[PDB]
Amino acid sequence: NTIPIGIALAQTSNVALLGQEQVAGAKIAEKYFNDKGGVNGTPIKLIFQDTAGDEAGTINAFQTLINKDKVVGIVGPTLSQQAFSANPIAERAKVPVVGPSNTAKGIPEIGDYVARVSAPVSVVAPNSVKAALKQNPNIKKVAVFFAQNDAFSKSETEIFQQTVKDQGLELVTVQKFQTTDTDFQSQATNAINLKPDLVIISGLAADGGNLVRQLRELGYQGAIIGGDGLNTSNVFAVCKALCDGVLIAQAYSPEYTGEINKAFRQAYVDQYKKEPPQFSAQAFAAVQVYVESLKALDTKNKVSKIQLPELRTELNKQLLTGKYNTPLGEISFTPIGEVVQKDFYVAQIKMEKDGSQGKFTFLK
Ligand SMILES: [Mg+2]
């Protein structure tokens, strides 16, 4: 006997450029927690249902997890775009969802069954603008790009634009693109002609990486910030040496000294031969929330005896009250499922000259 927890992430499509990191973190969590006896001796079982890259696929994954796989709760989906459409399905069904990477404004407000461990754009994004200004205090002109078809990108760009204004900078253009675009020559040239000192990009990974490369090809020599959708080493293949110097805010640090982060980090580095990425740490934290909540519930009300609909509702109620020492730091939730998290960082892509290898360097 095991306790089924659903994992609904983008395992296919270009959205898997983010999702694959999340799968890695979730698998590390499953082993970590099961090696500690699961839920008071009862192992968990992660049941993966691929969402692919769109809303329909996410709805299907959620419905399969809820109805066929009988899961006690869901971790997912990868994108805020998907969450706004699919999470209401789980809300209506009274099945908890813990978002591992959904940072758009309004996610926890979807309902009483929706929480997230991923700190939102309003608290993560501004630090990268501040970091750019530290590296070049003479930045004056800023060009902004965003993916107009993606809910998170639209939410993030609003924060970046407000931050630019509040820092007393000139917003010289806001250019739109689609996450499915590969060619940005007209928007990039439009922006370059305005002589920006800083360019900010809110998109996902393939698109964001292609845009970074093209800006550099077209002769842009100023600073670049990428938003959360570019926050993966999977961009390195796309922009190669031309990824160098991109600043990306972080809601996780490998060097955070919390005991469980040390364990998570060691497990990650031993397997993948590099530092754990944010999305992996966040996925681990989401699984952790479920395991620790299940343990607390089971101690008070043995879960093997609770029928599934009540188990789901009691698990949701429990998880919202918990305090968790996770790889992200000490976190908890507000009464509507927003994450409470203190520490944020900025990292910078450092590519080797040949362009075949790179890393994220954390700024002090
Ligand atoms: Mg909520």
# chains A, B, ... in the order shown; residues from 1 in each chain; ligands from 1

$ residues_near_ligand --ligand "ligand 1" --cutoff "10 Å" --atoms "only C-alpha atoms and all ligand atoms" --output "PyMOL selection string"
chain A and resi 91+96-98+106-116+316+320+333-338

$ closest_atom_pairs --of "range 229-301 of chain A" --to "range 117-122 of chain A" --cutoff "9 Å" --atoms "only C-alpha atoms" --output "JSON lines"
{"residue": "A:251", "atom": "CA", "partner": "A:119", "partner_atom": "CA", "distance": 6.7}
{"residue": "A:279", "atom": "CA", "partner": "A:118", "partner_atom": "CA", "distance": 8.9}
{"residue": "A:282", "atom": "CA", "partner": "A:118", "partner_atom": "CA", "distance": 6.5}
{"residue": "A:283", "atom": "CA", "partner": "A:117", "partner_atom": "CA", "distance": 8.5}
{"residue": "A:285", "atom": "CA", "partner": "A:117", "partner_atom": "CA", "distance": 7.0}
{"residue": "A:286", "atom": "CA", "partner": "A:117", "partner_atom": "CA", "distance": 6.3}
{"residue": "A:289", "atom": "CA", "partner": "A:117", "partner_atom": "CA", "distance": 8.7}

$ write_last_selection --atoms "N, CA and C atoms" --output "PDB file, in the first residue's frame"
ATOM      1  N   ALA A 251      14.697  32.381  -6.836  1.00  0.00           N
ATOM      2  CA  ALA A 251      13.950  32.148  -5.608  1.00  0.00           C
ATOM      3  C   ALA A 251      14.542  30.965  -4.825  1.00  0.00           C
ATOM      4  N   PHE A 279      14.073  25.481 -10.455  1.00  0.00           N
ATOM      5  CA  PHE A 279      12.853  24.721 -10.725  1.00  0.00           C
ATOM      6  C   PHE A 279      12.889  23.331 -10.089  1.00  0.00           C
ATOM      7  N   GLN A 282      12.208  23.892  -6.305  1.00  0.00           N
ATOM      8  CA  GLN A 282      10.807  24.233  -6.079  1.00  0.00           C
ATOM      9  C   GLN A 282       9.908  23.007  -6.190  1.00  0.00           C
ATOM     10  N   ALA A 283      10.193  22.134  -7.152  1.00  0.00           N
ATOM     11  CA  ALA A 283       9.434  20.895  -7.282  1.00  0.00           C
ATOM     12  C   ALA A 283       9.643  19.988  -6.063  1.00  0.00           C
ATOM     13  N   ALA A 285      10.333  21.024  -3.058  1.00  0.00           N
ATOM     14  CA  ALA A 285       9.596  21.667  -1.976  1.00  0.00           C
ATOM     15  C   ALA A 285       8.105  21.353  -2.039  1.00  0.00           C
ATOM     16  N   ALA A 286       7.533  21.326  -3.241  1.00  0.00           N
ATOM     17  CA  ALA A 286       6.114  20.998  -3.382  1.00  0.00           C
ATOM     18  C   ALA A 286       5.814  19.577  -2.908  1.00  0.00           C
ATOM     19  N   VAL A 289       5.983  19.510   0.926  1.00  0.00           N
ATOM     20  CA  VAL A 289       4.768  20.020   1.542  1.00  0.00           C
ATOM     21  C   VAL A 289       3.725  18.912   1.666  1.00  0.00           C
TER      22      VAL A 289
END

$ closest_residue --among "A:45, A:154, A:265, A:364" --to "residue 69 in chain A" --atoms "only C-alpha atoms"
A:45

$ residues_around --residues "range 125-138 of chain A" --least-positions-apart "3" --cutoff "12 Å" --atoms "only C-alpha atoms" --output "ChimeraX atom specification"
/A:103-104,119-122,141-142,144,152-153,155-170,196-202,222-229,231,245-251,343-348,362-364

$ select_by_dssp --residues "range 51-205 of chain A" --states "strand (DSSP E)" --output "count of residues only"
28

$ select_by_dssp --residues "range 42-161 of chain A" --states "alpha helix (DSSP H)" --output "VMD selection string"
chain A and resid 55 to 67 80 to 93 121 to 124 126 to 135 151 to 161

$ write_last_selection --atoms "N, CA and C atoms" --output "compact mmCIF listing (two decimals), in the first residue's frame"
# COMPACT_ATOMS: atom_id res chain seq x y z
N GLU A 55 -3.31 24.14 -22.52
CA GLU A 55 -4.33 24.08 -21.48
C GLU A 55 -5.08 22.75 -21.52
N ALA A 56 -5.49 22.34 -22.72
CA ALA A 56 -6.22 21.09 -22.86
C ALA A 56 -5.45 19.91 -22.29
N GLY A 57 -4.14 19.86 -22.55
CA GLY A 57 -3.33 18.79 -22.03
C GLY A 57 -3.24 18.79 -20.52
N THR A 58 -3.25 19.98 -19.93
CA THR A 58 -3.20 20.11 -18.48
C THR A 58 -4.52 19.67 -17.84
N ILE A 59 -5.63 20.11 -18.43
CA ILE A 59 -6.94 19.69 -17.98
C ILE A 59 -7.05 18.16 -18.04
N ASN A 60 -6.61 17.56 -19.14
CA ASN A 60 -6.66 16.11 -19.28
C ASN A 60 -5.81 15.42 -18.22
N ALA A 61 -4.60 15.92 -18.00
CA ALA A 61 -3.72 15.35 -16.99
C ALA A 61 -4.35 15.41 -15.60
N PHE A 62 -4.91 16.57 -15.26
CA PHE A 62 -5.54 16.73 -13.95
C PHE A 62 -6.71 15.76 -13.80
N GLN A 63 -7.56 15.67 -14.83
CA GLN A 63 -8.73 14.81 -14.75
C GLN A 63 -8.33 13.34 -14.63
N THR A 64 -7.29 12.94 -15.35
CA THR A 64 -6.80 11.57 -15.24
C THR A 64 -6.26 11.29 -13.84
N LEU A 65 -5.46 12.21 -13.31
CA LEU A 65 -4.92 12.04 -11.97
C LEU A 65 -6.02 11.95 -10.92
N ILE A 66 -7.04 12.79 -11.05
CA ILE A 66 -8.12 12.85 -10.08
C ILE A 66 -9.02 11.62 -10.15
N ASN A 67 -9.39 11.23 -11.36
CA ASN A 67 -10.43 10.23 -11.57
C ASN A 67 -9.93 8.81 -11.77
N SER A 80 1.92 29.10 -15.40
CA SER A 80 0.74 29.86 -14.98
C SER A 80 -0.35 29.85 -16.05
N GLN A 81 0.04 29.93 -17.32
CA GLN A 81 -0.92 29.89 -18.42
C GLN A 81 -1.81 28.65 -18.31
N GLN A 82 -1.20 27.52 -17.98
CA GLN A 82 -1.93 26.27 -17.84
C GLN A 82 -2.76 26.25 -16.55
N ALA A 83 -2.18 26.77 -15.47
CA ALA A 83 -2.84 26.79 -14.16
C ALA A 83 -4.16 27.55 -14.18
N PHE A 84 -4.21 28.71 -14.84
CA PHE A 84 -5.44 29.48 -14.81
C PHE A 84 -6.60 28.72 -15.46
N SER A 85 -6.31 27.88 -16.44
CA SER A 85 -7.35 27.11 -17.08
C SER A 85 -7.69 25.81 -16.31
N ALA A 86 -6.66 25.11 -15.86
CA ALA A 86 -6.83 23.78 -15.27
C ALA A 86 -7.07 23.75 -13.78
N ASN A 87 -6.43 24.65 -13.03
CA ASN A 87 -6.61 24.61 -11.59
C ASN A 87 -8.07 24.71 -11.14
N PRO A 88 -8.93 25.48 -11.85
CA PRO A 88 -10.34 25.49 -11.45
C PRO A 88 -11.00 24.11 -11.49
N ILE A 89 -10.50 23.20 -12.32
CA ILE A 89 -10.99 21.81 -12.35
C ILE A 89 -10.76 21.14 -10.99
N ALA A 90 -9.54 21.27 -10.48
CA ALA A 90 -9.20 20.71 -9.18
C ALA A 90 -9.95 21.41 -8.05
N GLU A 91 -10.07 22.73 -8.14
CA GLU A 91 -10.83 23.48 -7.15
C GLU A 91 -12.26 22.94 -7.04
N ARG A 92 -12.92 22.79 -8.19
CA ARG A 92 -14.30 22.31 -8.22
C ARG A 92 -14.40 20.90 -7.65
N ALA A 93 -13.40 20.07 -7.94
CA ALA A 93 -13.35 18.69 -7.48
C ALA A 93 -12.88 18.54 -6.03
N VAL A 121 6.04 36.93 -9.23
CA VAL A 121 6.81 37.90 -9.99
C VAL A 121 7.06 39.21 -9.23
N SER A 122 6.08 39.65 -8.45
CA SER A 122 6.20 40.92 -7.76
C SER A 122 7.35 40.96 -6.75
N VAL A 123 7.72 39.80 -6.20
CA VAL A 123 8.82 39.78 -5.24
C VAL A 123 10.13 39.24 -5.80
N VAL A 124 10.07 38.53 -6.93
CA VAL A 124 11.28 37.97 -7.51
C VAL A 124 11.93 38.90 -8.54
N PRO A 126 11.94 42.28 -9.41
CA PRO A 126 12.62 43.57 -9.26
C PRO A 126 14.10 43.48 -8.91
N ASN A 127 14.50 42.44 -8.19
CA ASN A 127 15.90 42.34 -7.81
C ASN A 127 16.85 42.25 -9.00
N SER A 128 16.41 41.68 -10.12
CA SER A 128 17.30 41.63 -11.28
C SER A 128 17.53 43.01 -11.90
N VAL A 129 16.53 43.89 -11.85
CA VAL A 129 16.72 45.25 -12.32
C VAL A 129 17.73 45.98 -11.42
N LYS A 130 17.57 45.82 -10.11
CA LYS A 130 18.51 46.40 -9.16
C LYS A 130 19.93 45.88 -9.38
N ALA A 131 20.07 44.59 -9.67
CA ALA A 131 21.38 44.02 -9.93
C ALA A 131 22.00 44.61 -11.20
N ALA A 132 21.19 44.81 -12.23
CA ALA A 132 21.70 45.42 -13.46
C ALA A 132 22.23 46.82 -13.19
N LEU A 133 21.51 47.58 -12.37
CA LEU A 133 21.91 48.95 -12.04
C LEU A 133 23.16 48.98 -11.17
N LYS A 134 23.37 47.94 -10.37
CA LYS A 134 24.60 47.85 -9.59
C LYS A 134 25.80 47.63 -10.51
N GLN A 135 25.63 46.76 -11.51
CA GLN A 135 26.70 46.48 -12.47
C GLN A 135 26.96 47.63 -13.44
N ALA A 151 0.42 33.92 -19.92
CA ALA A 151 -0.12 34.65 -18.77
C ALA A 151 0.98 35.11 -17.82
N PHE A 152 1.93 34.24 -17.53
CA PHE A 152 3.02 34.62 -16.65
C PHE A 152 3.86 35.74 -17.25
N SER A 153 4.14 35.66 -18.55
CA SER A 153 4.98 36.67 -19.18
C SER A 153 4.34 38.05 -19.11
N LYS A 154 3.02 38.09 -19.30
CA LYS A 154 2.29 39.35 -19.18
C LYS A 154 2.32 39.88 -17.75
N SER A 155 2.18 38.99 -16.77
CA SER A 155 2.24 39.41 -15.38
C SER A 155 3.64 39.91 -15.01
N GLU A 156 4.66 39.18 -15.45
CA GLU A 156 6.04 39.53 -15.16
C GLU A 156 6.43 40.86 -15.79
N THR A 157 6.02 41.07 -17.05
CA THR A 157 6.43 42.29 -17.72
C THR A 157 5.84 43.53 -17.04
N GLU A 158 4.65 43.40 -16.47
CA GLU A 158 4.05 44.51 -15.75
C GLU A 158 4.94 44.92 -14.57
N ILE A 159 5.45 43.93 -13.85
CA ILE A 159 6.35 44.19 -12.73
C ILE A 159 7.67 44.80 -13.22
N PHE A 160 8.25 44.24 -14.28
CA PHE A 160 9.48 44.81 -14.79
C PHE A 160 9.29 46.27 -15.23
N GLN A 161 8.20 46.56 -15.93
CA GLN A 161 7.94 47.92 -16.39
C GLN A 161 7.77 48.88 -15.21

$ closest_residue --among "A:180, A:232, A:210, A:175" --to "residue 17 in chain A" --atoms "only C-alpha atoms"
A:232

$ closest_residue --among "A:300, A:262, A:312, A:295" --to "residue 71 in chain A" --atoms "only C-alpha atoms"
A:312

$ closest_residue --among "A:252, A:284, A:145, A:48" --to "residue 204 in chain A" --atoms "only C-alpha atoms"
A:145

$ residues_around --residues "residue 281 in chain A" --least-positions-apart "6" --cutoff "8 Å" --atoms "only C-alpha atoms" --output "list in words"
residues 22, 25, 252, 264, 327 and 328 of chain A

$ write_last_selection --atoms "N, CA, C and O atoms" --output "PDB file, in the first residue's frame"
ATOM      1  N   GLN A  22      11.848  20.104 -13.235  1.00  0.00           N
ATOM      2  CA  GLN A  22      10.882  19.867 -12.185  1.00  0.00           C
ATOM      3  C   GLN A  22      10.723  18.380 -11.921  1.00  0.00           C
ATOM      4  O   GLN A  22      10.662  17.952 -10.766  1.00  0.00           O
ATOM      5  N   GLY A  25      13.620  17.241  -9.802  1.00  0.00           N
ATOM      6  CA  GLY A  25      13.444  17.574  -8.400  1.00  0.00           C
ATOM      7  C   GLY A  25      12.415  16.707  -7.694  1.00  0.00           C
ATOM      8  O   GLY A  25      12.610  16.300  -6.543  1.00  0.00           O
ATOM      9  N   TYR A 252      15.802  30.636  -5.100  1.00  0.00           N
ATOM     10  CA  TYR A 252      16.488  29.493  -4.519  1.00  0.00           C
ATOM     11  C   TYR A 252      17.986  29.742  -4.662  1.00  0.00           C
ATOM     12  O   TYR A 252      18.415  30.314  -5.665  1.00  0.00           O
ATOM     13  N   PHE A 264      19.507  17.740  -0.381  1.00  0.00           N
ATOM     14  CA  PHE A 264      18.966  17.860  -1.724  1.00  0.00           C
ATOM     15  C   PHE A 264      20.071  18.192  -2.727  1.00  0.00           C
ATOM     16  O   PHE A 264      20.182  17.556  -3.776  1.00  0.00           O
ATOM     17  N   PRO A 327      14.335  23.223   0.655  1.00  0.00           N
ATOM     18  CA  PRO A 327      15.524  23.772  -0.007  1.00  0.00           C
ATOM     19  C   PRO A 327      15.416  25.271  -0.299  1.00  0.00           C
ATOM     20  O   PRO A 327      16.451  25.926  -0.445  1.00  0.00           O
ATOM     21  N   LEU A 328      14.192  25.789  -0.376  1.00  0.00           N
ATOM     22  CA  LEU A 328      13.938  27.210  -0.638  1.00  0.00           C
ATOM     23  C   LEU A 328      14.089  28.076   0.600  1.00  0.00           C
ATOM     24  O   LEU A 328      13.946  29.300   0.525  1.00  0.00           O
TER      25      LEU A 328
END

$ atom_distance --atom1 "CA of residue 268 in chain A" --atom2 "CA of residue 100 in chain A"
17.5 Å

$ closest_residue --among "A:254, A:4, A:76, A:355" --to "residue 274 in chain A" --atoms "only C-alpha atoms"
A:254

$ decode --residues "range 43-80 of chain A" --atoms "N, CA and C atoms" --output "compact mmCIF listing (two decimals), in the first residue's frame"
# COMPACT_ATOMS: atom_id res chain seq x y z
N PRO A 43 4.84 4.25 2.16
CA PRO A 43 5.50 5.01 1.09
C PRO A 43 4.53 5.88 0.30
N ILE A 44 5.04 6.99 -0.22
CA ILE A 44 4.31 7.71 -1.25
C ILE A 44 4.62 7.08 -2.60
N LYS A 45 3.75 7.34 -3.56
CA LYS A 45 4.01 6.98 -4.94
C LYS A 45 3.66 8.17 -5.80
N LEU A 46 4.67 8.74 -6.47
CA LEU A 46 4.41 9.81 -7.41
C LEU A 46 3.88 9.22 -8.71
N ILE A 47 2.74 9.74 -9.14
CA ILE A 47 2.14 9.32 -10.39
C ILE A 47 2.23 10.49 -11.36
N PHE A 48 3.03 10.29 -12.40
CA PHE A 48 3.27 11.33 -13.38
C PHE A 48 2.28 11.27 -14.53
N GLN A 49 1.64 12.39 -14.82
CA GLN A 49 0.81 12.53 -16.02
C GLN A 49 1.25 13.79 -16.74
N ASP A 50 1.82 13.60 -17.92
CA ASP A 50 2.33 14.69 -18.74
C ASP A 50 1.19 15.62 -19.14
N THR A 51 1.40 16.92 -18.97
CA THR A 51 0.44 17.93 -19.40
C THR A 51 0.64 18.38 -20.85
N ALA A 52 1.80 18.06 -21.43
CA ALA A 52 2.25 18.71 -22.66
C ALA A 52 2.26 20.23 -22.46
N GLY A 53 2.12 20.99 -23.54
CA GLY A 53 2.41 22.41 -23.48
C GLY A 53 1.24 23.36 -23.47
N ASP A 54 0.01 22.84 -23.44
CA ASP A 54 -1.17 23.69 -23.56
C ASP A 54 -2.17 23.46 -22.43
N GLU A 55 -3.31 24.14 -22.52
CA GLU A 55 -4.33 24.08 -21.48
C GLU A 55 -5.08 22.75 -21.52
N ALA A 56 -5.49 22.34 -22.72
CA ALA A 56 -6.22 21.09 -22.86
C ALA A 56 -5.45 19.91 -22.29
N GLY A 57 -4.14 19.86 -22.55
CA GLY A 57 -3.33 18.79 -22.03
C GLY A 57 -3.24 18.79 -20.52
N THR A 58 -3.25 19.98 -19.93
CA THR A 58 -3.20 20.11 -18.48
C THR A 58 -4.52 19.67 -17.84
N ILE A 59 -5.63 20.11 -18.43
CA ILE A 59 -6.94 19.69 -17.98
C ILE A 59 -7.05 18.16 -18.04
N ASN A 60 -6.61 17.56 -19.14
CA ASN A 60 -6.66 16.11 -19.28
C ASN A 60 -5.81 15.42 -18.22
N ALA A 61 -4.60 15.92 -18.00
CA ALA A 61 -3.72 15.35 -16.99
C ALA A 61 -4.35 15.41 -15.60
N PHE A 62 -4.91 16.57 -15.26
CA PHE A 62 -5.54 16.73 -13.95
C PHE A 62 -6.71 15.76 -13.80
N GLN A 63 -7.56 15.67 -14.83
CA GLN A 63 -8.73 14.81 -14.75
C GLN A 63 -8.33 13.34 -14.63
N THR A 64 -7.29 12.94 -15.35
CA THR A 64 -6.80 11.57 -15.24
C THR A 64 -6.26 11.29 -13.84
N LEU A 65 -5.46 12.21 -13.31
CA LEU A 65 -4.92 12.04 -11.97
C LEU A 65 -6.02 11.95 -10.92
N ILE A 66 -7.04 12.79 -11.05
CA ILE A 66 -8.12 12.85 -10.08
C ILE A 66 -9.02 11.62 -10.15
N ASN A 67 -9.39 11.23 -11.36
CA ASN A 67 -10.43 10.23 -11.57
C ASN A 67 -9.93 8.81 -11.77
N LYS A 68 -8.84 8.64 -12.50
CA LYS A 68 -8.27 7.31 -12.72
C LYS A 68 -7.24 6.95 -11.66
N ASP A 69 -6.32 7.87 -11.40
CA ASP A 69 -5.22 7.60 -10.49
C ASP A 69 -5.56 7.85 -9.02
N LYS A 70 -6.71 8.47 -8.76
CA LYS A 70 -7.22 8.64 -7.40
C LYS A 70 -6.22 9.33 -6.48
N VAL A 71 -5.54 10.35 -6.98
CA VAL A 71 -4.48 10.96 -6.19
C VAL A 71 -5.04 11.79 -5.05
N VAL A 72 -4.25 11.91 -3.98
CA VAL A 72 -4.66 12.71 -2.84
C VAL A 72 -4.46 14.21 -3.06
N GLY A 73 -3.60 14.55 -4.02
CA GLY A 73 -3.28 15.93 -4.34
C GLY A 73 -2.41 15.96 -5.57
N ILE A 74 -2.27 17.15 -6.16
CA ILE A 74 -1.50 17.35 -7.37
C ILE A 74 -0.39 18.37 -7.12
N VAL A 75 0.80 18.09 -7.66
CA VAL A 75 1.85 19.08 -7.85
C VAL A 75 1.87 19.45 -9.33
N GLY A 76 1.70 20.74 -9.63
CA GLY A 76 1.72 21.22 -10.99
C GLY A 76 0.78 22.40 -11.14
N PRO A 77 0.58 22.87 -12.38
CA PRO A 77 1.29 22.45 -13.59
C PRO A 77 2.58 23.29 -13.71
N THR A 78 3.26 23.19 -14.85
CA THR A 78 4.48 23.95 -15.05
C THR A 78 4.22 25.46 -15.22
N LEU A 79 3.25 25.82 -16.05
CA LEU A 79 3.03 27.22 -16.42
C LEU A 79 1.80 27.83 -15.77
N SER A 80 1.92 29.10 -15.40
CA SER A 80 0.74 29.86 -14.98
C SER A 80 -0.35 29.85 -16.05
